[PDB]
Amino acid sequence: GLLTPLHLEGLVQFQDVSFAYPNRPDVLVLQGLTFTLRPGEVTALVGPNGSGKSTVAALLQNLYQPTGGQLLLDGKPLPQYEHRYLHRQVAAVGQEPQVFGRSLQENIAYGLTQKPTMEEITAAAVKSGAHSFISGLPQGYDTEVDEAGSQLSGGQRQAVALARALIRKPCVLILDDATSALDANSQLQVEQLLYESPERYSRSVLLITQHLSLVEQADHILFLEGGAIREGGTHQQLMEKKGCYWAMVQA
């Protein structure tokens, strides 16, 4: 299939979604997940290593298909969308950023049906927390990277990957520990973009992060354990429940 609606709200619905990787079909890593991501909101996904947070992010990118249940974007199954089209609407930034052998400007504009404008490129970098280091860099945005970011540190690579995701105006944004290496100032830009930017009403967000301050501001928090959601609610509700999240916050 290949759907390409002009506008896409970014409404994500996981409906009793279960999943087992192809190479270990006998073990469900995600079990009966049901939750919704709405435009203008942020959902934080927390839990121990191996609880399935990255796997959820992988399914939302349509890298794999649910073993059970359904996952809809604007009421339609992800596969019904033209892969290129879907790849634009849904953006994911991960722990290890994908860099190219082009220039920083080309790296941020990579994968666009429309060659951007330096003003737009710069704006994406300002919001991702990349602009700053790039500016104080001899040759700035024209600077060329030696594949895999030899000259770029970890944080600089993440900030750049995030810019590439932002300049597409995704209606669905996925942050999987995408800023674990960002400096203080860039981290504030990520917070501004998630909770203060006008752009937030045009996209839903799945947030996986170690920064408990960002988590606390989330509209919804889902605690993942052994592939299943054990707790769900705002920060206060979960703190009041004094359950898994509560135990996590106060370590």
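We number the residues from 1 along the sequence you see.
Undergrad: So which stretch wins on mean C-alpha B-factor, 187-195 or 201-209?
TA: Mean C-alpha B-factor is greater for 187-195.
Undergrad: Between 45-53 and 212-220, name whichever shows the higher mean Cα B factor according to the PDB entry.
TA: If you average the C-alpha B-factors of 45-53 and of 212-220, the larger mean comes out for 212-220.
Undergrad: Highest Cα B-factor in the deposition, which of 175, 124, 137, 78?
TA: Top of the list by C-alpha B-factor: 137.
Undergrad: Between 89, 128, 132, 107, where does the Cα B-factor run highest in the record?
TA: Comparing C-alpha B-factors across 89, 128, 132, 107, the top value belongs to 107.
Undergrad: Using the B-factor values recorded in the entry, state whether the Cα atom of residue 231 falls in the lowest, middle or highest third among the modelled residues of its chain.
TA: Within its chain, residue 231 is a middle-third residue by C-alpha B-factor, going by the deposited values.
Undergrad: Mind checking which third residue 152 falls in for C-alpha B-factor across the chain?
TA: Its C-alpha B-factor, which the entry lists for residue 152, ranks in the highest third among residues of this chain.
Undergrad: Using only modelled residues of the chain, where does the Cα B factor of residue 99 rank: lowest third, middle third or highest third?
TA: Highest third - that is where residue 99 ends up once the chain's C-alpha B-factors are sorted.
Undergrad: Please say which third, lowest, middle or highest, residue 71 falls into when its CA temperature factor is compared across its chain.
TA: It falls in the bottom third of the chain.
Undergrad: Which third, lowest, middle or highest, does the CA B-factor of residue 10 fall in along this chain?
TA: It falls in the middle third of the chain.
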